[PDB]
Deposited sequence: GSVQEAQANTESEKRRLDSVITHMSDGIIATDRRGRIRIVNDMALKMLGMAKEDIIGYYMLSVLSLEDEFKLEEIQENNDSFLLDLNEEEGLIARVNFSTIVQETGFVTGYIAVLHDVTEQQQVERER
């Protein structure tokens, strides 16, 4: 439920969305990796921002477990997850961007 055991690091880009997959939180690291200003990110579709709209749909996130390599210069491993409330209802989505040269 509320506890997502998705693996995350201090240096990770993090993006969080609403139910429509529109970005509502993005940290400094994610902006850095994307090479984009917060103003061009907040409120835009996460999958558009990640250049995935051709490849991936929001519907797939829940039943998906696969992480993907993405060119953002930087090669990131992206892992998507759902944000789920107490009653099992999905409230939004998370992308975790791991720099491939991490650790």
Write out the missing regions of the deposited sequence in sequence order, one range per stretch.
1 to 14, 87 to 90, 122 to 128
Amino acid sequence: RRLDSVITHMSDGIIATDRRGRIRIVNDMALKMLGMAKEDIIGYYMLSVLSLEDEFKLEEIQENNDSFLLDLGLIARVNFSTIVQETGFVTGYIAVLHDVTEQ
From here on, numbers count along this sequence of modelled residues.
Please compare 58 to 66 with 41 to 49 and say which has the higher mean C-alpha temperature factor in the record.
58 to 66
Looking only at CA atoms, which has the higher mean B factor in the entry: 16 to 24 or 80 to 88?
80 to 88
Assigned third (lowest, middle, highest) for the C-alpha B factor of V100:
middle
